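First up is the structure itself, then whatever we jot down about it.
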Amino acid sequence: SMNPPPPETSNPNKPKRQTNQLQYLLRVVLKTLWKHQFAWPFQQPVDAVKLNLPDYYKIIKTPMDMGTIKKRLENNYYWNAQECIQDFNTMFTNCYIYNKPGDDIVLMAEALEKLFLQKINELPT
Amino acid sequence: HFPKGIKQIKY
């Protein structure tokens, strides 16, 4: 099909390390974005079959979505906040490089990204 | 482009 398997969500052999920043990313940042009116296209991997995007997974080399980020946080996949933040940035970047500027999905992504950046400004030190 | 389409009907 046009769709790959979803990204891995468990980090093999990685010891558990909890931090305030990771708790904030899961319970504040991701929660706020997930509940936003524009979150739904980003809550699971892009469905290239349903949307008829034959080249999506040719163009986008590192797929990412909020569902994957959520599971990664829950599984303590990330060693630090910066790794989690990079996955969010990849998600937004993928949208901006694939979709025509001005498309609904791009406007939605931009709104979510503005909120993301506001919440990351209050990341614990 | 392969647009995704609209995510809300504009009326």
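When we count neighbours, we look across all protein chains shown, and the Cβ atoms used for this are built from the backbone with ideal geometry, even at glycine. Computed from the coordinates by the stated procedures, all read-outs in this text should not be read as laboratory data.
Things to note:
- Residue within the stretch A:6-18 that is surrounded by 15 or more Cβ atoms within 10 Å (Cβ to Cβ), touching a helix residue (DSSP H, G or I) at 6+ places or on another chain (Cβ under 8 Å) and in a loop (DSSP other than H, G, I, E, B) present: yes
- Meets criteria (within 9 Å of chain B (Cβ to nearest Cβ) and touching a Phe, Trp or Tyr at 6+ places or on another chain (Cβ under 7 Å)) for A:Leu33: no
- Residues of the stretch A:37-60 satisfying the condition of being under 14 Å from the mean Cα position of the chain (by Cα) and either not in a loop (DSSP other than H, G, I, E, B) or not polar (S, T, N, Q) (or both): A:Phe38, A:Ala39, A:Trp40, A:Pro41, A:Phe42, A:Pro45, A:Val46, A:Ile60
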